[PDB]
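Comments concern the structure below.
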2 protein chains.
Amino acid sequence: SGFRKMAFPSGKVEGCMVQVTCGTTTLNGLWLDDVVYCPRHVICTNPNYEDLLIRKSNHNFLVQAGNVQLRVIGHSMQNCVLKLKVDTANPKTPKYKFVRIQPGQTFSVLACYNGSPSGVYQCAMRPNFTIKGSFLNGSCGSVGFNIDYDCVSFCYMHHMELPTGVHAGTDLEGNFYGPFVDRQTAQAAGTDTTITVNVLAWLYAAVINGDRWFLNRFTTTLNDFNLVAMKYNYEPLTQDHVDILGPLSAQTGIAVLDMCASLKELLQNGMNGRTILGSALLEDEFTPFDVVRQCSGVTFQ
Amino acid sequence: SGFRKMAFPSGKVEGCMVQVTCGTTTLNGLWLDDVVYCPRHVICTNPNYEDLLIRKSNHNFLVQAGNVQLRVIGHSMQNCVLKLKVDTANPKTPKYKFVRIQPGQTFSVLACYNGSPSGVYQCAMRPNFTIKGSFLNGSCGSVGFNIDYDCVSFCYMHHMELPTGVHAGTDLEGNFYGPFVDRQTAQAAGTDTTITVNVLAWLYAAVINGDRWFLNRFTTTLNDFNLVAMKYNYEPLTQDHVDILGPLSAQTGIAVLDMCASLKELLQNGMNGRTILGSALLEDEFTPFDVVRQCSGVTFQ
């Protein structure tokens, strides 16, 4: 029992983190097999990166894997990431994939500086394709990831901070999440919404942990819920969401639409100074999979 | 910018986690050099563990380090932990120490099942010597830890769940945190308090991140604060706490006693539907060191 914002063990990823220096820019890179991936705004000198990359040489890129120097024998650009071919394959390369996630899905972030990992935390891809991360100068190139049994699914590379303090970046093929670019504009985040299906999974987690004060006798239809959800800036709930919540409904005997009715009441009345799972807010950064994982017992390696 | 419940990178610790089986009991153990540490209630068959350990043989203890079997060549008891001497030193042994923490200090937990790490999360040692963790059957033997540069400071081994759903365990010399024992009684947690000095560090983190709505013109003395703190079940604030907050006071120009006055007002009025750092509650599981680390940029390895 208990419920915590939990991240994946980060060891498999620590073994891939390296430092990349060019000119007076230093950031983090990801070393898998014989390629080092990093953001392309590491190249020298409003931008046209194809111009700038042709005016460059392999020997301009310094790459540190701990103490050991790494010898760059080739480069190329893929969308907003840079691929630096080095002469040594990473012996610590885990089984991996490059995977792009959907708004509402969660991943773990390994924040890094100068190639040295600093910390690990859990977070979600907001519906407006930002993430509320924690980053300081030099964290460029840190990656986000999930782990399934023994395989590391990389889903995110960090690129920049937006004026509101939230963060933006790309998948590992170099394609940005959301309408952002790797050059200086007045870009801003769109207006965000709350991830409805996740709030309901979190409520099931509370029931499984002995909080039931918010439960009620009422029920409601999908349509009448969504009418109330949109009033409070909540995502619509789909029939697929109702199926994905099925297993959690079974374990507790609370029908999905019954729990919707409790959420409707919580939105219309607030919590009256009570708390759920140690929180005075409705939490939306836990998916149904996350809740089942933390209450059933699944491990990895 | 941004502020997140952050844990230490867990790789150095994953390399020490092993599985220990005896009789029909299976739990996790910690493998450093040529010793495997694990809770002693793994021994067979209200208890007297010295009786039970003398009726046992090295070959009763099965130890799995991944696939490889480990050969137990000796055993001994240290307080509530068991030391199992094996014939192989762990090549992945990091530089480490065994260190006992104080209520109010934080550490990272690597939750484990059958020797396989499952997840990593941050938490605090409550003033009543419990921790609000997340654990399921089989997590016995998982450890908590801090990392300072390259050295792993182990501070916790998990032992049991208490009737309220909170957790209890020992340091790595086998001495329990708090008035709990490794046998079945009606033991319960004492009444808890809120960690005052941590709430103030969290408020400084909010100021550093652009939340200032709770700041005020007032001030207050140490004595008049503590009179209000004790009313709301808050720890007393000491002059040492005021010194430890010094550097954060400097960075922001908010005098420690000025911020106390804001906390006094927050306690007497509530937040009026506003939030601080994404939270509708006053958070008390971040220390001054934690806040400086996450806003200055210190890494490890």
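Ordering of the structure tokens sets the chain letters (A, B, ...), residue numbers begin anew at 1 in every chain, and ligands are numbered from 1 in the order given.
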Checklist entry - Quick one: DSSP strand (DSSP E) residues in region 69-285 of chain B, as a PyMOL selection string? => result chain B and resi 69-70+72-78+81-86+96-98+106-113+116-124+143-148+151-161+167-170
Using only C-alpha atoms, select each residue of chain A with any atom at most 7 Å away from an atom of chain B, and give the selection as an mmCIF file with N, CA and C atoms, in the first residue's frame.
data_model
loop_
_atom_site.group_PDB
_atom_site.id
_atom_site.type_symbol
_atom_site.label_atom_id
_atom_site.label_comp_id
_atom_site.auth_asym_id
_atom_site.auth_seq_id
_atom_site.Cartn_x
_atom_site.Cartn_y
_atom_site.Cartn_z
ATOM 1 N N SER A 1 0.819 -1.205 0.000
ATOM 2 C CA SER A 1 0.000 0.000 0.000
ATOM 3 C C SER A 1 0.861 1.266 0.000
ATOM 4 N N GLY A 2 0.198 2.421 -0.093
ATOM 5 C CA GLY A 2 0.842 3.682 -0.400
ATOM 6 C C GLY A 2 0.860 3.948 -1.896
ATOM 7 N N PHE A 3 0.990 5.233 -2.249
ATOM 8 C CA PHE A 3 0.973 5.643 -3.655
ATOM 9 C C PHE A 3 1.904 6.828 -3.841
ATOM 10 N N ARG A 4 2.876 6.695 -4.749
ATOM 11 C CA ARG A 4 3.939 7.673 -4.910
ATOM 12 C C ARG A 4 4.204 7.942 -6.390
ATOM 13 N N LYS A 5 4.612 9.177 -6.695
ATOM 14 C CA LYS A 5 5.053 9.493 -8.049
ATOM 15 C C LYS A 5 6.358 8.744 -8.289
ATOM 16 N N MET A 6 6.272 7.638 -9.015
ATOM 17 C CA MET A 6 7.347 6.676 -9.130
ATOM 18 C C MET A 6 7.974 6.758 -10.519
ATOM 19 N N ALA A 7 9.294 6.660 -10.580
ATOM 20 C CA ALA A 7 10.004 6.652 -11.847
ATOM 21 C C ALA A 7 10.657 5.293 -12.078
ATOM 22 N N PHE A 8 11.013 5.022 -13.330
ATOM 23 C CA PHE A 8 11.695 3.782 -13.646
ATOM 24 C C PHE A 8 13.143 3.809 -13.144
ATOM 25 N N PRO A 9 13.693 2.653 -12.773
ATOM 26 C CA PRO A 9 15.112 2.619 -12.418
ATOM 27 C C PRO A 9 15.910 3.135 -13.599
ATOM 28 N N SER A 10 16.874 4.014 -13.320
ATOM 29 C CA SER A 10 17.552 4.780 -14.359
ATOM 30 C C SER A 10 18.895 4.212 -14.770
ATOM 31 N N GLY A 11 19.295 3.051 -14.242
ATOM 32 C CA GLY A 11 20.654 2.570 -14.474
ATOM 33 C C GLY A 11 20.946 2.321 -15.939
ATOM 34 N N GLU A 14 21.733 5.754 -17.542
ATOM 35 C CA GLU A 14 22.977 6.368 -17.075
ATOM 36 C C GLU A 14 24.178 5.901 -17.888
ATOM 37 N N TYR A 113 23.790 17.015 -16.451
ATOM 38 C CA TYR A 113 24.651 18.173 -16.697
ATOM 39 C C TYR A 113 26.048 17.677 -17.032
ATOM 40 N N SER A 116 26.884 14.130 -16.803
ATOM 41 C CA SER A 116 26.715 13.436 -15.530
ATOM 42 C C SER A 116 25.256 13.482 -15.101
ATOM 43 N N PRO A 117 24.627 12.336 -14.862
ATOM 44 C CA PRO A 117 23.236 12.336 -14.386
ATOM 45 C C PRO A 117 23.112 12.972 -13.012
ATOM 46 N N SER A 118 22.067 13.778 -12.846
ATOM 47 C CA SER A 118 21.784 14.519 -11.623
ATOM 48 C C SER A 118 20.594 13.982 -10.833
ATOM 49 N N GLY A 119 19.521 13.570 -11.509
ATOM 50 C CA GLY A 119 18.316 13.131 -10.820
ATOM 51 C C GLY A 119 17.327 12.524 -11.788
ATOM 52 N N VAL A 120 16.307 11.872 -11.224
ATOM 53 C CA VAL A 120 15.290 11.161 -11.999
ATOM 54 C C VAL A 120 13.901 11.485 -11.432
ATOM 55 N N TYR A 121 12.957 11.818 -12.307
ATOM 56 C CA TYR A 121 11.607 12.137 -11.863
ATOM 57 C C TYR A 121 10.607 11.693 -12.927
ATOM 58 N N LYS A 132 5.882 19.818 -17.776
ATOM 59 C CA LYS A 132 6.289 20.594 -16.603
ATOM 60 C C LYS A 132 7.459 19.854 -15.968
ATOM 61 N N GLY A 133 8.666 20.156 -16.445
ATOM 62 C CA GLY A 133 9.869 19.527 -15.959
ATOM 63 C C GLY A 133 10.607 20.409 -14.972
ATOM 64 N N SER A 134 11.788 19.940 -14.585
ATOM 65 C CA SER A 134 12.707 20.688 -13.740
ATOM 66 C C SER A 134 14.072 20.598 -14.405
ATOM 67 N N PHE A 135 14.552 21.736 -14.904
ATOM 68 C CA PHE A 135 15.747 21.826 -15.736
ATOM 69 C C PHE A 135 16.449 23.154 -15.443
ATOM 70 N N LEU A 136 17.782 23.146 -15.452
ATOM 71 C CA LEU A 136 18.596 24.356 -15.413
ATOM 72 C C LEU A 136 19.513 24.370 -16.633
ATOM 73 N N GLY A 165 7.927 28.880 -18.145
ATOM 74 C CA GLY A 165 8.647 27.959 -17.300
ATOM 75 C C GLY A 165 8.432 26.485 -17.601
ATOM 76 N N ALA A 280 -4.514 17.741 -2.131
ATOM 77 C CA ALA A 280 -5.666 18.624 -2.108
ATOM 78 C C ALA A 280 -6.137 19.016 -3.506
ATOM 79 N N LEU A 281 -5.547 18.427 -4.552
ATOM 80 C CA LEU A 281 -5.882 18.650 -5.957
ATOM 81 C C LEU A 281 -6.206 17.319 -6.618
ATOM 82 N N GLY A 297 2.097 -5.253 -8.898
ATOM 83 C CA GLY A 297 3.462 -5.529 -8.477
ATOM 84 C C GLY A 297 4.532 -5.748 -9.523
ATOM 85 N N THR A 299 7.546 -5.784 -12.028
ATOM 86 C CA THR A 299 8.935 -5.327 -12.048
ATOM 87 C C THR A 299 9.491 -5.347 -13.472
ATOM 88 N N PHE A 300 10.773 -4.985 -13.578
ATOM 89 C CA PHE A 300 11.494 -4.926 -14.844
ATOM 90 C C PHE A 300 12.939 -5.360 -14.601
ATOM 91 N N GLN A 301 13.700 -5.450 -15.701
ATOM 92 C CA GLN A 301 15.156 -5.720 -15.795
ATOM 93 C C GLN A 301 15.442 -6.518 -17.067
#
Quick one: residues within 6 Å of region 71-78 of chain B, only C-alpha atoms counted, chain neighbours fewer than 4 positions away excluded, as a PDB file with N, CA, C and O atoms, in the first residue's frame?
ATOM      1  N   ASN B  58      24.314 -22.997   6.124  1.00  0.00           N
ATOM      2  CA  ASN B  58      24.626 -22.195   4.943  1.00  0.00           C
ATOM      3  C   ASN B  58      23.804 -22.630   3.731  1.00  0.00           C
ATOM      4  O   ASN B  58      23.240 -21.787   3.020  1.00  0.00           O
ATOM      5  N   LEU B  82      20.468  -9.674   8.712  1.00  0.00           N
ATOM      6  CA  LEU B  82      21.266 -10.869   8.514  1.00  0.00           C
ATOM      7  C   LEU B  82      22.381 -10.567   7.526  1.00  0.00           C
ATOM      8  O   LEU B  82      22.133  -9.961   6.477  1.00  0.00           O
ATOM      9  N   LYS B  83      23.600 -10.992   7.868  1.00  0.00           N
ATOM     10  CA  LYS B  83      24.776 -10.911   7.005  1.00  0.00           C
ATOM     11  C   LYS B  83      25.125 -12.305   6.482  1.00  0.00           C
ATOM     12  O   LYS B  83      25.476 -13.196   7.267  1.00  0.00           O
ATOM     13  N   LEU B  84      25.065 -12.483   5.161  1.00  0.00           N
ATOM     14  CA  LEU B  84      25.353 -13.766   4.510  1.00  0.00           C
ATOM     15  C   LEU B  84      26.653 -13.643   3.725  1.00  0.00           C
ATOM     16  O   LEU B  84      26.672 -13.051   2.642  1.00  0.00           O
ATOM     17  N   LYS B  85      27.726 -14.244   4.241  1.00  0.00           N
ATOM     18  CA  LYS B  85      29.002 -14.180   3.544  1.00  0.00           C
ATOM     19  C   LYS B  85      28.950 -15.108   2.335  1.00  0.00           C
ATOM     20  O   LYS B  85      28.618 -16.286   2.477  1.00  0.00           O
ATOM     21  N   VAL B  86      29.213 -14.573   1.142  1.00  0.00           N
ATOM     22  CA  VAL B  86      29.237 -15.369  -0.081  1.00  0.00           C
ATOM     23  C   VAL B  86      30.668 -15.399  -0.614  1.00  0.00           C
ATOM     24  O   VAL B  86      31.534 -14.640  -0.181  1.00  0.00           O
ATOM     25  N   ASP B  87      30.924 -16.311  -1.550  1.00  0.00           N
ATOM     26  CA  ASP B  87      32.301 -16.573  -1.960  1.00  0.00           C
ATOM     27  C   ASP B  87      32.778 -15.632  -3.056  1.00  0.00           C
ATOM     28  O   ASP B  87      33.933 -15.729  -3.476  1.00  0.00           O
ATOM     29  N   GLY B 174      20.972  -2.702  11.226  1.00  0.00           N
ATOM     30  CA  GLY B 174      19.917  -3.530  11.777  1.00  0.00           C
ATOM     31  C   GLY B 174      19.098  -2.901  12.881  1.00  0.00           C
ATOM     32  O   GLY B 174      18.241  -3.582  13.465  1.00  0.00           O
TER      33      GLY B 174
END
Checklist entry - Hey, what does DSSP flag as alpha helix (DSSP H) within region 84-289 of chain A? Can you give it to me as a PyMOL selection string? => result chain A and resi 196-208+222-231+239-244+246-252+256-269+288-289
Checklist entry - Near residue 285 (chain A), within 7 Å and counting only C-alpha atoms, which residues show up once chain neighbours fewer than 3 positions away are dropped, as a list in words? => result residues 106, 123, 124 and 198 of chain A
Item to check | Counting only C-alpha atoms, the option among B:232, B:129, B:61, B:218 closest to residue 176 (chain B) | outcome: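 Selected residue with least distance to residue 176 (chain B): B:129.
The gap separating CA of residue 178 (chain A) from CA of residue 154 (chain A) is 17.6 Å, in Å to one decimal.
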